[PDB]
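Given as structure tokens, the chain that follows is alone and in the form deposited in one PDB entry.
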């Protein structure tokens, strides 16, 4: 290799890599803390009809709480709206609200997960002195979530950027060695694994070819007084991503598809309970069509929340930026939204395909028992890897200035 060998010569980039990998070692030794005042081995002996530690909740409350805050920094709450319109001064106050709402939301969701655990285990995991043991479990999981936040802030401060995304990436790629030794104990021996590897590399290059794809709109400021070195096609534009929603609609469709099985499990055994379990099966086509249509509807919704044509057209009108032929007030909003109509259909069908990929992959491969290759974790791995490597390449291309004297 050439690029990582150039990386391991620069002292700053090398120190950032050592710091990032050291904080991931800290993440793993925090992950390997069994029994936080909980059942000893009931999680191993009562799992099937699996990850449970101080990091069992993760930063998923931080993700969904920042989603709720991103929904509330609109015309719903005028206090959050004036925080968002009050410069870069009120964003810190909005992030403080995000932090405290995250703490209380994780404090609720850890108790909900504990109730689900001792309902699915029949309560035969540990005795309870009262509500204080569940409060202790909630304190432990909330402190673990805050410790993951502190590691993410350390990695986005002194490491290589995007520390929360690197923590999510490290939590994802730490289970694939267990997947590999389970599939090695499982093990057409080759000829089928070559087909699987070719399929995985084809899906990887499909995910690359969709995520690193921009539809750039030529923004021309009026401030060009003269020619004044006209290069031609100028390098200023508005790059719209093909799939602006990210991976959030997978989370929305999974949450809305597993919550009615949760309220069906709460009400006990019933005819409508068994019916809603069969119709929200997520493997049968009756539930799969519901999962796909929720993917498409919520990726249109969160794409319009993420790329917001009202605030985009207003910002282009205030800055002076226009599209050639398009007025800045409202024709710019209509033009951008009828471009985004056309882009997010492709983003919808791509993300629906990668969301329904693992069930077809397992059902037509049959060799791994529970290995989810596609889904959300593929997009997470691809995004974090590409963003970190672009960050390091930019940190070197800042350095390599040459001159003309020789």
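Note that the rigid core is defined as the largest set of C-alphas that superpose within 1.5 Å between two forms. Numbering follows the first chain given and starts at 1.
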Task: Extent of unmodelled deposited sequence, residue 50 relative to residue 49 - done: 10 or more
Open item on the list: Please classify the unmodelled stretch of the deposited sequence between residue 128 and residue 129: none, 1 to 3, 4 to 9, or 10 or more residues.
Closed with: none
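The form deposited in another entry exists for this protein as well; it is not shown, and the discussion that follows is about that form.
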Task: Conformational change between the shown form and the other one, one of 201, 74, 104, 143, C-alpha moving 2 Å or more after core fit - done: 74
TODO: Could you tell me whether the Cα atom of residue 324 shifts by at least 2 Å between the shown form and the other one after core superposition?
DONE: no
Task: Core superposition between the shown form and the other one, C-alpha change of residue 123 at least 2 Å - done: yes
Open item on the list: If the two forms are fitted on the core, does residue 226 show a Cα displacement reaching 2 angstroms between the shown form and the other one?
Closed with: yes
Open item on the list: Between the shown chain and the other structure, the Cα gap of residue 233 to residue 221 differs by 3 Å or more. Is it closer or farther in that other deposited form?
Closed with: closer
- [ ] Just say closer or farther for the C-alpha distance from residue 31 to residue 124 in that other deposited form, relative to the shown form; it changes by 3 Å or more.
- [x] closer
